[PDB]
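Presented below is the structure to which this report refers.
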Amino acid sequence: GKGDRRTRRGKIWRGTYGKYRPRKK
Amino acid sequence: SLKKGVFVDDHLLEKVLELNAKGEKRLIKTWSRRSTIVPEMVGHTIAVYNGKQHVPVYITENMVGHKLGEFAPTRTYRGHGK
Amino acid sequence: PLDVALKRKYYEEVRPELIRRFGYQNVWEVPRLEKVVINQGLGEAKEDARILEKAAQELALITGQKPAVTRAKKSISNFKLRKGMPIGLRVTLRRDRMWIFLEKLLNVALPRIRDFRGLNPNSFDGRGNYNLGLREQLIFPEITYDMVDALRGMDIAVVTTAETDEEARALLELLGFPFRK
Amino acid sequence: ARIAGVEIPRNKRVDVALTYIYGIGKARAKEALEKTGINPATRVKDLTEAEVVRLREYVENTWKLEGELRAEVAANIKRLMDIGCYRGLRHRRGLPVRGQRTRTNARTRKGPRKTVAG
Amino acid sequence: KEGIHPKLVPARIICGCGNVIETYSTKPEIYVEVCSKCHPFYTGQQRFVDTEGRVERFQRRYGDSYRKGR
RNA sequence: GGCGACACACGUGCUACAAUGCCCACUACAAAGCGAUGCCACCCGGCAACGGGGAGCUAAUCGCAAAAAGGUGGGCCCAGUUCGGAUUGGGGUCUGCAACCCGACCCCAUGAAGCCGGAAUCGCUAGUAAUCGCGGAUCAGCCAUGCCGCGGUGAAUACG
RNA sequence: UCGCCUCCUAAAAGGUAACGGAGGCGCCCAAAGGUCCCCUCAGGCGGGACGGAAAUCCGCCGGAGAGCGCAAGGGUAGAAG
Ligand SMILES: [Mg+2]
Ligand SMILES: [Mg+2]
Ligand SMILES: [Mg+2]
Ligand SMILES: [Mg+2]
Ligand SMILES: [Mg+2]
Ligand SMILES: [Mg+2]
Ligand SMILES: [Mg+2]
Ligand SMILES: [Mg+2]
Ligand SMILES: [Mg+2]
């Protein structure tokens with residue numbers, strides 16, 4: 001889901017981080 | 001979207017506040033949407049510039065985060081052949 | 001004579017309240033809710049009887065009384081159908097059964113309606129009668145949802161011995177008719 | 001189980017079954033069953049009636065959902081009825097609200113193509 | 001009359017918030033989620049929210065920053 | 001104010017229609033480059049964007065970065081569905097004098113079209129095509145899915 | 001055009017002509033037939049989900065303007081419907 005802003009995969013693709021992709025640990 | 005600023009034009013407010021003591025006349029222009037709806041002087045008209053002319057917009061509560069020029073469309077469109 | 005809570009609620013509460021509100025001098029001048037008749041406009045069964053029968057037993061379950069088919073009076077090529085053709089069900093119920101239905105109507109079904117802000121107060125006849133539309137029929141406690149095929153509704157007519165549509169406005173208000181102010 | 005305005009989802013995980021309500025989505029889903037204290041991976045098939053009651057009582061209250069909040073959302077757009085702003089006119093003309101590109105695309109609000117030709 | 005209609009048994013039915021009687025109908029007892037004569041939704045009124053107004057909050061949210069004040 | 005207009009038409013693309021797939025958690029393995037009018041370790045508030053602190057670094061020393069596809073475990077079970085993410089409501093953050101016209105993110109809720117594409121049409125012969133992430137220029141910010149580079153895994157076929 | 005049916009011409013009995021004014025027929029129905037028992041229409045105004053000028057439903061008002069297989073006339077709800 002490279003364009004969904006609610007996945008670790010979409011957050012990768014977008015670049016930014018957040019709740020669905022924390023800044024590690 | 002500001003939070004700790006939440007600004008209005010100083011010059012818009014200067015003209016708006018010194019013409020707010022005990023009443024006024026609706027003759028008041030501007031040149032900047034940049035501002036914000038401003039509570040008080042609700043029963044007022046602010047002639048906003050749309051790039052071409054000054055459109056008299058009217059305030060009647062209801063409006064807030066919408067500054068001015070949203071009440072002043074700059075384009076016309078109107079139709080596409082139809 | 002059975003019993004029925006709404007029936008009692010009419011006599012030992014709603015009844016004397018009317019004699020106070022309106023000051024009727026006779027025991028019969030008081031508005032008496034009688035005859036509630038359910039009708040289903042069934043164009044859906046324009047050309048189907050197994051869709052009409054399913055609507056029959058469905059209705060028989062919520063009123064405890066078999067409905068009767070109505071037939072088209074004339075013929076309208078503008079929207080099919082000829083003289084015959086079972087187009088519409090209808091069951092009349094007065095006494096006992098009318099109350100048992102009216103209870104589950106007000107005290108189960110009506111609140112089970114999506115959103116629902118209350119019955120229309122302008123939906124009054126002018127001769128002391130009331131009518132109300134219904135969409136889904138699954139709002140009745142005897143309907144089990146997972147046994148339906150189509151969401152067909154019904155019109156409901158509640159007849160009353162009142163004169164004006166005020167004395168009825170009052171009579172039903174007391175019985176528990178939510179009127180959206 | 002007729003939770004809010006709906007009942008549909010049977011044998012399909014309560015954290016997922018919840019999603020099938022306008023107002024729940026995915027975040028409020030697990031948030032509701034951790035706050036109600038119910039196992040998310042359950043059958044949804046009418047399990048313990050008590051869990052279902054607590055769930056219903058919490059969910060249906062708390063926040064607005066289903067037909068009620070659809071009405072509120074539609075009313076928030078009705079806000080820009082009156083003598084409203086620019087954003088209202090975009091809801092009027094049927095065009096994209098967020099000032100995007102309308103020269104091409106914008107089909108999700110404009111609808112399928114009409115083709116003028118000339 | 002005889003030999004067609006369903007019969008009408010005594011009273012018992014379960015509400016999602018409490019109790020209900022009457023029943024009759026055909027089934028002995030049935031379940032009802034959204035209760036009625038009890039209390040929720042237009043039965044004593046339980047104002048779930050209030051739908052915020054901009055004259056109040058947004059004049060005190062944008063106005064929370066009273067830097068533009070006076 | 002406009003270059004951002006929108007009844008429409010074409011090009012180059014990005015994201016998909018799913019199960020050799022999606023989600024969550026854990027755990028590995030790169031290169032090439034950029035930074036002390038900046039990169040910002042580690043703590044603290046915060047669901048998060050981010051804010052408070054604050055160490056090291058004129059940088060094969062410190063930081064940007066954990067590479068991602070992979071592997072392990074678990075969950076969905078083929079249905080517009082935990083596929084897909086458009087559109088829209090609400091709430092926020094950051095740069096900026098200021099983001100209505102027109103900024104990027106974050107969070108809640110919506111969840112559209114699409115179930116693999118007519119006539120046509122394109123690329124590639126070995127590290128190649130396909131797929132996966134990383135860096136830089138411009139740059140306050142950014143509409144970058146673009147362009148210029150970096151490496152990861154790694155086909156098929158060529159009679160003629 | 002040529003037989004049959006209806007209305008007018010037709011001069012308040014019947015009858016009455018013209019290459020006068022207008023229309024129908026050459027069938028249909030085993031129920032649209034017999035009888036017994038029930039029932040009352042069209043419209044107008046309100047009320048009512050989908051449902052509109054007309055679909056079914058409730059309510060008043062409505063002596064017959066409906067209906068009576070098909071032309072027209074006569075008749076007809078105290079029925080022929
Ligand atoms: Mg635009
Ligand atoms: Mg340009
Ligand atoms: Mg589709
Ligand atoms: Mg499929
Ligand atoms: Mg070659
Ligand atoms: Mg004569
Ligand atoms: Mg005569
Ligand atoms: Mg004579
Ligand atoms: Mg007979």
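For the structure tokens, the naming scheme is as follows: chains receive sequential letters (A, B, ...) according to their order of presentation, residues are indexed from 1 within each chain, and ligands are indexed from 1 in presentation order.
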
With only C-alpha atoms (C1' of nucleotides) and all ligand atoms counted, collect every polymer residue having an atom within 9 Å of ligand 7; state the result as JSON, numbers by chain.
{"G": [8, 10, 12]}

Only N, CA, C and O atoms (P, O5', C5', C4', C3', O3' and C1' of nucleotides), please: the residues just picked out, written as a PDB file, in the first residue's frame.
```pdb
ATOM      1  P     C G   8     -83.218  10.814 -32.858  1.00  0.00           P
ATOM      2  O5'   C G   8     -82.866  12.015 -33.837  1.00  0.00           O
ATOM      3  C5'   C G   8     -82.315  13.204 -33.304  1.00  0.00           C
ATOM      4  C4'   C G   8     -81.642  14.052 -34.349  1.00  0.00           C
ATOM      5  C3'   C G   8     -82.506  14.546 -35.492  1.00  0.00           C
ATOM      6  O3'   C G   8     -83.343  15.630 -35.120  1.00  0.00           O
ATOM      7  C1'   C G   8     -80.438  13.790 -36.334  1.00  0.00           C
ATOM      8  P     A G  10     -87.370  18.294 -40.539  1.00  0.00           P
ATOM      9  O5'   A G  10     -88.019  17.390 -39.413  1.00  0.00           O
ATOM     10  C5'   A G  10     -89.426  17.328 -39.261  1.00  0.00           C
ATOM     11  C4'   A G  10     -89.842  16.046 -38.594  1.00  0.00           C
ATOM     12  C3'   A G  10     -89.049  15.667 -37.348  1.00  0.00           C
ATOM     13  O3'   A G  10     -89.904  14.954 -36.464  1.00  0.00           O
ATOM     14  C1'   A G  10     -88.790  13.989 -38.979  1.00  0.00           C
ATOM     15  P     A G  12     -95.497  18.076 -34.683  1.00  0.00           P
ATOM     16  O5'   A G  12     -94.822  17.955 -33.245  1.00  0.00           O
ATOM     17  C5'   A G  12     -93.654  17.181 -33.045  1.00  0.00           C
ATOM     18  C4'   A G  12     -93.730  16.396 -31.762  1.00  0.00           C
ATOM     19  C3'   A G  12     -95.012  15.628 -31.517  1.00  0.00           C
ATOM     20  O3'   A G  12     -95.098  14.431 -32.262  1.00  0.00           O
ATOM     21  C1'   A G  12     -94.421  16.765 -29.556  1.00  0.00           C
TER      22        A G  12
END
```

Neighbouring residues of residue 64 in chain D were defined as those with any atom within 10 Å, considering only C-alpha atoms (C1' of nucleotides); residues of the same chain fewer than 5 positions away were excluded. Please report them as a ChimeraX atom specification.
/D:22-24,59,69-70,72 /E:48-49,51

Can you tell me which residues come within 10 Å of ligand 3 when counting only C-alpha atoms (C1' of nucleotides) and all ligand atoms, ideally as JSON, numbers by chain?
{"F": [80, 112, 113, 114, 115]}

Hey, what's within 8 Å of range 1-17 of chain A if we count only C-alpha atoms (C1' of nucleotides) and toss same-chain stuff fewer than 6 positions away? As a PyMOL selection string, please?
(chain A and resi 23) or (chain F and resi 15+84-85+105)

Check which residues fall inside 6 Å of ligand 1 when counting only C-alpha atoms (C1' of nucleotides) and all ligand atoms, and print them as a count of residues only.
4

Do you know which residues are within 10 Å of ligand 4 using only C-alpha atoms (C1' of nucleotides) and all ligand atoms? Can you write them as a list in words?
residues 17, 18, 78, 79, 80, 81, 83 and 115 of chain F

Between D:91, D:39, D:103, D:47, smallest distance to ligand 2 by only C-alpha atoms and all ligand atoms belongs to D:103

Considering only C-alpha atoms (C1' of nucleotides), return as a PyMOL selection string whatever protein or nucleic-acid residues lie within 7 Å of residue 86 in chain C, sequence-local ones (same chain, fewer than 3 positions apart) excluded.
chain C and resi 69-71

Restrict the selected residues to N, CA, C and O atoms and save them as a PDB file, in the first residue's frame.
```
ATOM      1  N   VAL C  69     -55.144  -9.421   0.013  1.00  0.00           N
ATOM      2  CA  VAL C  69     -54.615  -8.783  -1.190  1.00  0.00           C
ATOM      3  C   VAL C  69     -55.602  -7.773  -1.754  1.00  0.00           C
ATOM      4  O   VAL C  69     -56.804  -8.011  -1.762  1.00  0.00           O
ATOM      5  N   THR C  70     -55.092  -6.634  -2.206  1.00  0.00           N
ATOM      6  CA  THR C  70     -55.922  -5.670  -2.914  1.00  0.00           C
ATOM      7  C   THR C  70     -55.564  -5.697  -4.393  1.00  0.00           C
ATOM      8  O   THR C  70     -54.413  -5.942  -4.754  1.00  0.00           O
ATOM      9  N   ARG C  71     -56.557  -5.458  -5.245  1.00  0.00           N
ATOM     10  CA  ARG C  71     -56.339  -5.481  -6.686  1.00  0.00           C
ATOM     11  C   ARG C  71     -56.559  -4.113  -7.324  1.00  0.00           C
ATOM     12  O   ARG C  71     -57.352  -3.308  -6.835  1.00  0.00           O
TER      13      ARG C  71
END
```
